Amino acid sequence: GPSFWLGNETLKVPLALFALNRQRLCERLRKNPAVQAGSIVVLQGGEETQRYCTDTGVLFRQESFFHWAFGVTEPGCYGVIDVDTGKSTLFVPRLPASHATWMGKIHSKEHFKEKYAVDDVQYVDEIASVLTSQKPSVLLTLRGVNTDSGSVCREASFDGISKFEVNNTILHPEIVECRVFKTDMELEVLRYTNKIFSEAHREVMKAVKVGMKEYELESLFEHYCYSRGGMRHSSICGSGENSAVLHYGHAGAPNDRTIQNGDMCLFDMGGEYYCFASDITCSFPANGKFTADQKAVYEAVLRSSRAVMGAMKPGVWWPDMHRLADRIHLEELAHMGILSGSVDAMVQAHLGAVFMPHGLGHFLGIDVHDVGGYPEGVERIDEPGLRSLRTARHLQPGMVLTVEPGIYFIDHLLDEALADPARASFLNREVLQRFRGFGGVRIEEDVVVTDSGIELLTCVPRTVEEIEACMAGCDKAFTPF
């Protein structure tokens, strides 16, 4: 069957991946007792956009649910699936003659049918007529709340849809649940995105020199992933104190610090291949040699990383892993002399959240922060740190998670803790003072839950010895200029 491919050494992704997803969605819907026979799932693809009132185009990236179901890269499409038969129909725009001059060849419907391995292709302007001829009981459309953004999914609409019976409640939780569990075909893509990002991280570690701007390394990473991996979307490079800023690198903070001798670097890179994401973070000394303090903090996060990975298997409650990481960080910070006292009491006082204010990790898939973390019946825990978890679910096979503990020295959180007598007694101010401005360390792996444990997708140097050896290497193997 056909595949998506960007040539060279990039991955061939079979269009069968999307056919399987369509089948899985139908199977799940057929089991839902509220679903009427003759129902048709209706999804609307993304459209091309421009910057404000200008004609400057914005890079088109397909909407994630639509991509999951169809793998279609073209703007302006819709896609429908007959629930009872699984039959798929793609609707493509009927394009003007002038498209041939400006945009490219005008493909036939048959070309798209072959390309996407769908059962039928029609033009978008005929969607009402085509759906009418099929005499559906109900159109199932997508509407629900994303629990990371709080946004409501945009429901499909077309001229004449008001003449149909439309349900916008059933679909969302079902398609979300399908997305939560990755098929073997999806896992092949995620292994590939991890391979490329892992190689690109190694290249950054080999290339970093004191005196460079953070964005110079961002640029190199993106160049590797695009030119060698076909990862066009490679869109957090934080040195020194910036490593404590959790989403550093936005327009408010555009990666323009000069990397200095003595800095810790935290390079968190997210990107995608054919709308399949990966998200990997490496931390390393800018000058290639960990100091004693850097080694201590780094190895504390290595410890929690590997303890969590070693504990993960089906039935494990993700908030328990978050609390495990907190406890280990507190133990290690006490060994370093930053903290003193009973670690049990530190945990009761939520001291771990002072050093790791974000969630331990999140579902990963078509979105970097993937859907389904908080389905109905799964509640967010209203405690420091835990409230930032992007899922409070128990692990099951096929889930793909980031595992991303970190320790940071964040002045406003440290200062709050020092003002609070329940927490201040644990903090040794004179030792802590030396770590003001340290920034932070985060170690982020992508893993898949298996029947008995996990499969680690990421492959980057991780021990102090491995990282120092990587950075000291002479073989960059790719020098642009």
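Quick note: we count residues from 1 along the sequence shown, nothing fancier.
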item: Chain break class at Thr132/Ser133 - deposited residues not modelled; value: none
item: Mean C-alpha temperature factor, higher of 393-401 and 358-366; value: 393-401
item: Of 421-429 and 439-447, the one with larger mean CA B-factor; value: 421-429
item: Identity of residue with top Cα B-factor, from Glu332, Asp148, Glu379, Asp320; value: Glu379
item: Highest-ranked of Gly406, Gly230, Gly262, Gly71 once sorted by CA temperature factor in the record; value: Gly230
item: Third of the chain, ranked by Cα B-factor, where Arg61 sits; value: middle
item: Modelled-residue ranking by C-alpha temperature factor, third containing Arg202; value: middle
item: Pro285 - Cα temperature factor, lowest/middle/highest third of chain; value: lowest
item: Cα B factor band for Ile454 (lowest, middle or highest third within the chain); value: lowest
item: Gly372 - Cα temperature factor, lowest/middle/highest third of chain; value: lowest
